[PDB]
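Raw data_32.cif, mmCIF, N, CA, C and O atoms:
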```cif
data_start
#
loop_
_atom_site.label_atom_id
_atom_site.label_comp_id
_atom_site.auth_asym_id
_atom_site.auth_seq_id
_atom_site.Cartn_x
_atom_site.Cartn_y
_atom_site.Cartn_z
N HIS M 1 127.83 46.44 11.62
CA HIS M 1 127.32 47.22 10.52
C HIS M 1 128.22 47.04 9.31
O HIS M 1 129.44 47.15 9.40
N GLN M 2 127.61 46.78 8.16
CA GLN M 2 128.39 46.59 6.96
C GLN M 2 128.11 47.75 6.02
O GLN M 2 126.99 48.29 6.01
N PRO M 3 129.09 48.18 5.25
CA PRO M 3 128.94 49.38 4.42
C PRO M 3 128.41 49.03 3.04
O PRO M 3 128.22 47.88 2.69
N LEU M 4 128.18 50.08 2.26
CA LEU M 4 127.79 49.98 0.86
C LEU M 4 128.84 50.61 -0.02
O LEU M 4 129.54 51.53 0.38
N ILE M 5 128.92 50.12 -1.24
CA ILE M 5 129.56 50.86 -2.31
C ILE M 5 128.57 50.88 -3.45
O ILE M 5 128.11 49.83 -3.92
N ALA M 6 128.16 52.07 -3.86
CA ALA M 6 127.08 52.21 -4.82
C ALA M 6 127.59 51.86 -6.20
O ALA M 6 128.51 52.49 -6.71
N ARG M 7 126.97 50.86 -6.81
CA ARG M 7 127.36 50.44 -8.14
C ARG M 7 126.42 51.05 -9.16
O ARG M 7 125.56 51.87 -8.83
N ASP M 8 126.58 50.63 -10.40
CA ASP M 8 125.80 51.12 -11.51
C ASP M 8 124.93 49.98 -12.03
O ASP M 8 125.02 48.85 -11.57
N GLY M 9 124.07 50.29 -12.99
CA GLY M 9 123.34 49.26 -13.68
C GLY M 9 124.28 48.62 -14.67
O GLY M 9 125.30 49.20 -15.01
N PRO M 10 123.95 47.41 -15.14
CA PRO M 10 122.82 46.63 -14.66
C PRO M 10 123.18 45.78 -13.46
O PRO M 10 122.88 44.59 -13.47
N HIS M 11 123.81 46.35 -12.46
CA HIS M 11 124.04 45.60 -11.25
C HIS M 11 122.97 45.96 -10.23
O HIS M 11 122.68 47.14 -10.03
N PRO M 12 122.36 44.98 -9.58
CA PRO M 12 121.24 45.26 -8.69
C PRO M 12 121.65 46.21 -7.58
O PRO M 12 122.82 46.34 -7.24
N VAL M 13 120.66 46.88 -7.01
CA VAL M 13 120.92 47.95 -6.06
C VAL M 13 120.91 47.38 -4.65
O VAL M 13 119.86 46.97 -4.14
N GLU M 14 122.07 47.34 -4.02
CA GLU M 14 122.22 46.82 -2.67
C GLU M 14 121.86 47.88 -1.62
O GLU M 14 121.93 49.08 -1.87
N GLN M 15 121.49 47.40 -0.44
CA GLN M 15 121.02 48.21 0.68
C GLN M 15 121.94 48.06 1.87
O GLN M 15 122.68 47.07 1.98
N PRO M 16 121.92 49.01 2.81
CA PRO M 16 122.69 48.83 4.04
C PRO M 16 122.30 47.54 4.73
O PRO M 16 121.21 47.02 4.52
N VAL M 17 123.22 47.00 5.51
CA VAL M 17 123.03 45.73 6.18
C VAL M 17 123.34 45.92 7.65
O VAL M 17 124.05 46.84 8.04
N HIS M 18 122.77 45.06 8.49
CA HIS M 18 123.08 45.11 9.90
C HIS M 18 123.10 43.70 10.46
O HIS M 18 122.26 42.87 10.12
N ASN M 19 124.07 43.44 11.32
CA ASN M 19 124.28 42.10 11.84
C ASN M 19 124.25 42.14 13.35
O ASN M 19 124.95 42.94 13.98
N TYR M 20 123.45 41.26 13.94
CA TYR M 20 123.34 41.17 15.39
C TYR M 20 123.56 39.73 15.83
O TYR M 20 122.75 38.86 15.52
N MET M 21 124.64 39.48 16.55
CA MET M 21 124.79 38.20 17.23
C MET M 21 124.83 38.43 18.72
O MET M 21 125.19 39.51 19.17
N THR M 22 124.45 37.40 19.47
CA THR M 22 124.61 37.37 20.91
C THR M 22 125.13 36.01 21.33
O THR M 22 124.48 35.00 21.10
N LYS M 23 126.31 36.00 21.94
CA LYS M 23 126.98 34.75 22.28
C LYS M 23 126.60 34.37 23.69
O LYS M 23 126.36 35.24 24.53
N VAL M 24 126.50 33.06 23.94
CA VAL M 24 126.18 32.56 25.27
C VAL M 24 127.46 32.26 26.02
O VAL M 24 128.45 31.79 25.44
N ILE M 25 127.46 32.52 27.33
CA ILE M 25 128.66 32.30 28.14
C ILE M 25 128.85 30.81 28.34
O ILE M 25 127.88 30.06 28.52
N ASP M 26 130.10 30.37 28.32
CA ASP M 26 130.44 28.98 28.60
C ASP M 26 131.20 28.86 29.91
O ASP M 26 132.19 29.56 30.14
N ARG M 27 130.76 27.93 30.76
CA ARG M 27 131.18 27.92 32.16
C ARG M 27 131.96 26.66 32.49
O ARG M 27 131.68 25.60 31.93
N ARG M 28 132.94 26.77 33.41
CA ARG M 28 133.83 25.69 33.80
C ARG M 28 134.22 25.83 35.27
O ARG M 28 133.67 26.66 36.00
N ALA M 29 135.16 25.00 35.72
CA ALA M 29 135.58 25.03 37.11
C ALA M 29 136.97 24.43 37.24
O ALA M 29 137.45 23.75 36.34
N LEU M 30 137.61 24.67 38.39
CA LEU M 30 138.89 24.06 38.68
C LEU M 30 138.88 23.42 40.06
O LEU M 30 137.99 23.67 40.86
N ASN M 31 139.91 22.60 40.33
CA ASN M 31 139.92 21.72 41.49
C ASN M 31 141.32 21.58 42.06
O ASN M 31 142.29 21.50 41.31
N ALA M 32 141.43 21.51 43.38
CA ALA M 32 142.73 21.26 44.00
C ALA M 32 142.51 20.63 45.36
O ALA M 32 141.56 20.98 46.05
N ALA M 33 143.40 19.74 45.77
CA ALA M 33 143.12 18.99 46.98
C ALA M 33 144.19 19.20 48.04
O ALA M 33 145.38 18.99 47.83
N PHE M 34 143.72 19.57 49.22
CA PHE M 34 144.55 20.06 50.30
C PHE M 34 144.91 19.02 51.37
O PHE M 34 145.57 19.39 52.34
N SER M 35 144.57 17.75 51.19
CA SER M 35 144.27 16.82 52.28
C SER M 35 145.28 16.84 53.41
O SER M 35 146.49 16.90 53.19
N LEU M 36 144.77 16.77 54.64
CA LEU M 36 145.55 16.66 55.86
C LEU M 36 145.73 15.20 56.28
O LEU M 36 145.42 14.28 55.53
N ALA M 37 146.23 15.00 57.50
CA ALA M 37 146.45 13.70 58.11
C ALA M 37 145.99 13.75 59.57
O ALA M 37 145.80 14.82 60.14
N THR M 38 145.86 12.58 60.19
CA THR M 38 145.16 12.49 61.47
C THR M 38 145.97 13.12 62.59
O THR M 38 145.56 14.13 63.16
N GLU M 39 147.12 12.53 62.91
CA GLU M 39 147.94 13.05 63.99
C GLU M 39 148.27 14.52 63.79
O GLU M 39 148.62 15.21 64.75
N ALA M 40 148.15 15.01 62.56
CA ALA M 40 148.26 16.44 62.32
C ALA M 40 147.03 17.19 62.79
O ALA M 40 147.15 18.37 63.15
N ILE M 41 145.87 16.56 62.78
CA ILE M 41 144.67 17.23 63.24
C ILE M 41 144.74 17.44 64.75
O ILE M 41 144.40 18.51 65.26
N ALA M 42 145.16 16.41 65.47
CA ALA M 42 145.22 16.51 66.92
C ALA M 42 146.13 17.64 67.37
O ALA M 42 145.78 18.35 68.32
N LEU M 43 147.27 17.83 66.71
CA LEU M 43 148.17 18.91 67.08
C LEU M 43 147.51 20.27 66.97
O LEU M 43 147.28 20.93 67.98
N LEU M 44 147.20 20.70 65.75
CA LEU M 44 146.55 21.99 65.53
C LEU M 44 145.33 22.19 66.41
O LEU M 44 145.10 23.30 66.89
N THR M 45 144.54 21.14 66.61
CA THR M 45 143.38 21.24 67.47
C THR M 45 143.79 21.70 68.86
O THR M 45 143.04 22.38 69.56
N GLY M 46 145.00 21.35 69.27
CA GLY M 46 145.49 21.71 70.58
C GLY M 46 145.42 20.52 71.51
O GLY M 46 145.93 20.57 72.63
N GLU M 47 144.78 19.45 71.05
CA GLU M 47 144.58 18.27 71.88
C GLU M 47 145.87 17.69 72.43
O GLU M 47 146.11 17.81 73.63
N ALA M 48 146.69 17.09 71.59
CA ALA M 48 147.85 16.32 72.03
C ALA M 48 148.86 17.21 72.72
O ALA M 48 149.78 16.73 73.39
N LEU M 49 148.71 18.52 72.57
CA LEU M 49 149.60 19.48 73.20
C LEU M 49 149.69 19.23 74.69
O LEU M 49 148.67 19.13 75.38
N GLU D 1 149.45 87.03 -30.38
CA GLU D 1 150.28 86.30 -29.44
C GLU D 1 150.20 84.81 -29.76
O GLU D 1 149.14 84.19 -29.61
N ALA D 2 151.32 84.25 -30.20
CA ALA D 2 151.42 82.83 -30.48
C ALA D 2 151.23 81.98 -29.23
O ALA D 2 150.46 81.02 -29.24
N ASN D 3 151.92 82.33 -28.14
CA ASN D 3 151.72 81.65 -26.87
C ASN D 3 151.09 82.59 -25.86
O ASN D 3 151.75 83.49 -25.33
N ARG D 4 149.81 82.39 -25.60
CA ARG D 4 149.03 83.18 -24.66
C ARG D 4 149.24 82.67 -23.24
O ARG D 4 149.64 81.53 -23.02
N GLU D 5 148.98 83.54 -22.27
CA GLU D 5 148.64 83.04 -20.95
C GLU D 5 147.43 82.15 -21.12
O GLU D 5 146.40 82.58 -21.64
N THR D 6 147.53 80.90 -20.69
CA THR D 6 146.44 79.97 -20.91
C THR D 6 145.36 80.17 -19.86
O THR D 6 145.64 80.14 -18.65
N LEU D 7 144.13 80.39 -20.32
CA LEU D 7 142.98 80.48 -19.42
C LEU D 7 142.95 79.32 -18.45
O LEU D 7 142.55 79.48 -17.30
N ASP D 8 143.36 78.14 -18.88
CA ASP D 8 143.31 76.98 -17.99
C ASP D 8 144.31 77.08 -16.85
O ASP D 8 144.29 76.27 -15.92
N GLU D 9 145.22 78.04 -16.94
CA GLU D 9 146.31 78.17 -15.98
C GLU D 9 146.11 79.25 -14.92
O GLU D 9 146.96 79.37 -14.03
N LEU D 10 145.04 80.05 -14.98
CA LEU D 10 144.94 81.25 -14.17
C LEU D 10 144.30 81.01 -12.81
O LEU D 10 144.06 81.97 -12.06
N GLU D 11 144.00 79.76 -12.47
CA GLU D 11 143.41 79.43 -11.18
C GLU D 11 144.49 79.30 -10.11
O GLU D 11 145.60 78.81 -10.37
N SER D 12 144.17 79.76 -8.91
CA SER D 12 145.04 79.59 -7.77
C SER D 12 144.94 78.16 -7.23
O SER D 12 143.88 77.53 -7.30
N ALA D 13 146.04 77.67 -6.70
CA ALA D 13 146.11 76.30 -6.23
C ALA D 13 145.08 76.07 -5.13
O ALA D 13 144.89 76.94 -4.28
N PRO D 14 144.40 74.93 -5.12
CA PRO D 14 143.44 74.66 -4.06
C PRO D 14 144.14 74.41 -2.74
O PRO D 14 145.34 74.14 -2.68
N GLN D 15 143.37 74.52 -1.66
CA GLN D 15 143.90 74.17 -0.36
C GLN D 15 144.20 72.69 -0.30
O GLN D 15 143.48 71.86 -0.87
N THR D 16 145.28 72.35 0.38
CA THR D 16 145.79 71.00 0.38
C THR D 16 146.00 70.51 1.80
O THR D 16 146.59 71.21 2.63
N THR D 17 145.53 69.31 2.07
CA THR D 17 145.79 68.68 3.35
C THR D 17 147.01 67.78 3.24
O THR D 17 147.63 67.69 2.18
N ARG D 18 147.35 67.12 4.33
CA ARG D 18 148.44 66.17 4.36
C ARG D 18 147.85 64.78 4.49
O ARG D 18 147.33 64.42 5.55
N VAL D 19 147.92 64.01 3.42
CA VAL D 19 147.28 62.71 3.34
C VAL D 19 148.35 61.64 3.38
O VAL D 19 149.44 61.84 2.84
N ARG D 20 148.04 60.51 4.01
CA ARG D 20 148.99 59.40 4.09
C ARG D 20 148.78 58.47 2.91
O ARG D 20 147.72 57.85 2.78
N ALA D 21 149.79 58.37 2.05
CA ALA D 21 149.73 57.44 0.93
C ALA D 21 151.15 57.07 0.52
O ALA D 21 152.05 57.90 0.59
N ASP D 22 151.33 55.84 0.05
CA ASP D 22 152.66 55.42 -0.36
C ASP D 22 153.03 56.05 -1.69
O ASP D 22 152.18 56.21 -2.57
N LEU D 23 154.29 56.41 -1.83
CA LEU D 23 154.81 57.01 -3.05
C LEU D 23 156.11 56.33 -3.38
O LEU D 23 157.07 56.40 -2.60
N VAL D 24 156.15 55.69 -4.53
CA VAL D 24 157.27 54.85 -4.93
C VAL D 24 157.96 55.52 -6.10
O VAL D 24 157.30 56.13 -6.95
N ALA D 25 159.28 55.41 -6.16
CA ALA D 25 160.04 55.96 -7.27
C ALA D 25 160.37 54.82 -8.23
O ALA D 25 161.22 53.98 -7.93
N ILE D 26 159.72 54.82 -9.38
CA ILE D 26 159.94 53.81 -10.41
C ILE D 26 160.41 54.53 -11.66
O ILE D 26 159.69 55.37 -12.21
N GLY D 27 161.61 54.20 -12.11
CA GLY D 27 162.23 55.05 -13.09
C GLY D 27 162.47 56.40 -12.47
O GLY D 27 163.00 56.49 -11.36
N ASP D 28 162.08 57.46 -13.17
CA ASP D 28 162.29 58.82 -12.69
C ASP D 28 161.05 59.46 -12.08
O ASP D 28 161.12 60.61 -11.65
N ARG D 29 159.93 58.76 -12.02
CA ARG D 29 158.66 59.40 -11.73
C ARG D 29 158.05 58.86 -10.45
O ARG D 29 158.13 57.67 -10.16
N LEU D 30 157.46 59.75 -9.67
CA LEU D 30 156.73 59.30 -8.50
C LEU D 30 155.39 58.71 -8.90
O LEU D 30 154.77 59.11 -9.88
N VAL D 31 154.95 57.74 -8.11
CA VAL D 31 153.70 57.04 -8.37
C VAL D 31 153.05 56.72 -7.05
O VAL D 31 153.69 56.15 -6.16
N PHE D 32 151.77 57.05 -6.89
CA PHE D 32 151.04 56.44 -5.80
C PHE D 32 150.96 54.96 -6.06
O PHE D 32 150.46 54.53 -7.10
N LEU D 33 151.45 54.17 -5.11
CA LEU D 33 151.32 52.72 -5.19
C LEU D 33 150.15 52.33 -4.30
O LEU D 33 150.18 52.57 -3.09
N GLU D 34 149.12 51.74 -4.89
CA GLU D 34 147.84 51.70 -4.21
C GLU D 34 147.18 50.34 -4.38
O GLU D 34 147.14 49.82 -5.50
N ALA D 35 146.68 49.78 -3.29
CA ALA D 35 145.80 48.63 -3.32
C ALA D 35 144.56 48.91 -2.49
O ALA D 35 144.62 49.03 -1.27
N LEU D 36 143.43 49.00 -3.17
CA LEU D 36 142.23 49.61 -2.63
C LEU D 36 141.47 48.64 -1.74
O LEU D 36 140.75 49.05 -0.82
N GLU D 37 141.61 47.34 -1.97
CA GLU D 37 140.65 46.38 -1.46
C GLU D 37 140.60 46.33 0.06
O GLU D 37 139.79 45.61 0.63
N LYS D 38 141.47 47.07 0.74
CA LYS D 38 141.27 47.31 2.16
C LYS D 38 140.31 48.45 2.44
O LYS D 38 139.27 48.24 3.05
N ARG D 39 140.67 49.68 2.05
CA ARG D 39 139.79 50.83 2.21
C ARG D 39 138.40 50.54 1.66
O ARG D 39 137.39 50.74 2.34
N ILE D 40 138.35 50.08 0.43
CA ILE D 40 137.11 49.86 -0.27
C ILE D 40 137.06 48.37 -0.58
O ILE D 40 138.05 47.66 -0.43
N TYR D 41 135.89 47.88 -0.93
CA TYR D 41 135.69 46.47 -1.24
C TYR D 41 135.97 45.58 -0.05
O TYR D 41 136.22 44.39 -0.22
N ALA D 42 135.94 46.12 1.16
CA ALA D 42 136.17 45.31 2.34
C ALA D 42 134.87 45.20 3.11
O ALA D 42 134.27 46.21 3.47
N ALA D 43 134.44 43.97 3.36
CA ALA D 43 133.24 43.68 4.13
C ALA D 43 131.99 44.19 3.42
O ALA D 43 130.95 44.43 4.02
N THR D 44 132.12 44.34 2.11
CA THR D 44 130.98 44.36 1.23
C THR D 44 131.13 43.18 0.29
O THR D 44 132.14 42.47 0.31
N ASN D 45 130.12 42.94 -0.54
CA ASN D 45 130.15 41.78 -1.40
C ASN D 45 130.60 42.12 -2.81
O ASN D 45 130.66 41.23 -3.67
N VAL D 46 130.91 43.37 -3.07
CA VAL D 46 131.32 43.81 -4.40
C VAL D 46 132.71 43.27 -4.67
O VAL D 46 133.60 43.45 -3.84
N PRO D 47 132.93 42.59 -5.78
CA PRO D 47 134.25 42.03 -6.05
C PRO D 47 135.23 43.12 -6.44
O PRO D 47 134.85 44.21 -6.86
N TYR D 48 136.49 42.80 -6.30
CA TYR D 48 137.55 43.76 -6.54
C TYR D 48 137.87 43.80 -8.02
O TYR D 48 138.41 42.83 -8.55
N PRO D 49 137.57 44.90 -8.71
CA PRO D 49 137.53 44.86 -10.18
C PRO D 49 138.85 44.51 -10.81
O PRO D 49 138.87 44.14 -12.00
#
```

Can I see the file as structure tokens?
Amino acid sequence: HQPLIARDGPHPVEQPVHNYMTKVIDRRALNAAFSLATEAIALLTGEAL
Amino acid sequence: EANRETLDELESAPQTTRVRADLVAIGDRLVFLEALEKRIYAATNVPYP
């Protein structure tokens, strides 16, 4: 909302104003890599135990 | 009576609030030091006179 200050002639007569915007969301992502190894899989699995 | 009680002087002081404003001592006299274009002339299109 924008205000008024009432002026005199010969300055034109301004009116109240109203402003409406709506912004759109912008989306992204992140990444990280955990990679394991083979002989490590057999252990945790319980196999080679 | 050469010097009368002046009619312009017989009013009681109005009620007074406590307002925030800068007061600067220049020479011997206090002065409101004021720049309006924040309070007024802000976010309207009226130029600052």

Q) Applied to this file, what does the PyMOL selection byres ((chain D) within 8 of (chain M)) return in terms of residues, put as a PyMOL selection string? A) chain D and resi 40-46

Q) Which distance in Å separates CA of residue 18 (chain D) and CA of residue 6 (chain D), to one decimal? A) 28.9 Å

Could you list, as an mmCIF file with N, CA, C and O atoms, in the coordinates of the input, every residue within 8 Å of residue 22 (chain D), counting only N, CA, C and O atoms and ignoring same-chain residues fewer than 6 positions away?
```
data_model
loop_
_atom_site.group_PDB
_atom_site.id
_atom_site.type_symbol
_atom_site.label_atom_id
_atom_site.label_comp_id
_atom_site.auth_asym_id
_atom_site.auth_seq_id
_atom_site.Cartn_x
_atom_site.Cartn_y
_atom_site.Cartn_z
ATOM 1 N N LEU D 30 157.460 59.750 -9.670
ATOM 2 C CA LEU D 30 156.730 59.300 -8.500
ATOM 3 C C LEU D 30 155.390 58.710 -8.900
ATOM 4 O O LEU D 30 154.770 59.110 -9.880
ATOM 5 N N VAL D 31 154.950 57.740 -8.110
ATOM 6 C CA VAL D 31 153.700 57.040 -8.370
ATOM 7 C C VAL D 31 153.050 56.720 -7.050
ATOM 8 O O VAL D 31 153.690 56.150 -6.160
ATOM 9 N N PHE D 32 151.770 57.050 -6.890
ATOM 10 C CA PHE D 32 151.040 56.440 -5.800
ATOM 11 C C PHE D 32 150.960 54.960 -6.060
ATOM 12 O O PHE D 32 150.460 54.530 -7.100
ATOM 13 N N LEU D 33 151.450 54.170 -5.110
ATOM 14 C CA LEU D 33 151.320 52.720 -5.190
ATOM 15 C C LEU D 33 150.150 52.330 -4.300
ATOM 16 O O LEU D 33 150.180 52.570 -3.090
ATOM 17 N N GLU D 34 149.120 51.740 -4.890
ATOM 18 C CA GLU D 34 147.840 51.700 -4.210
ATOM 19 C C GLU D 34 147.180 50.340 -4.380
ATOM 20 O O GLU D 34 147.140 49.820 -5.500
#
```

Q. Can you tell me how far CA of residue 39 (chain D) sits from CA of residue 8 (chain M), in Å to one decimal?
A.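 Pair CA of residue 39 (chain D) / CA of residue 8 (chain M) returns 19.6 Å.
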
Q: Could you check how far atom O of residue 36 (chain D) sits from atom C of residue 48 (chain D), in Å to one decimal?
A: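 Straight-line distance from atom O of residue 36 (chain D) to atom C of residue 48 (chain D) works out to 9.4 Å.
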
Q. How would you write, as number ranges by chain, the set of residues in chain D that DSSP gives as strand (DSSP E)?
A. D: 23-26, 29-32

Q) Could you pull the residues within 12 Å of residue 49 (chain M), counting only C-alpha atoms, minus those fewer than 5 positions along the same chain, as a list in words? A)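 With the cut-off at 12 Å, the set is residues 39, 40, 41, 42, 43 and 44 of chain M.
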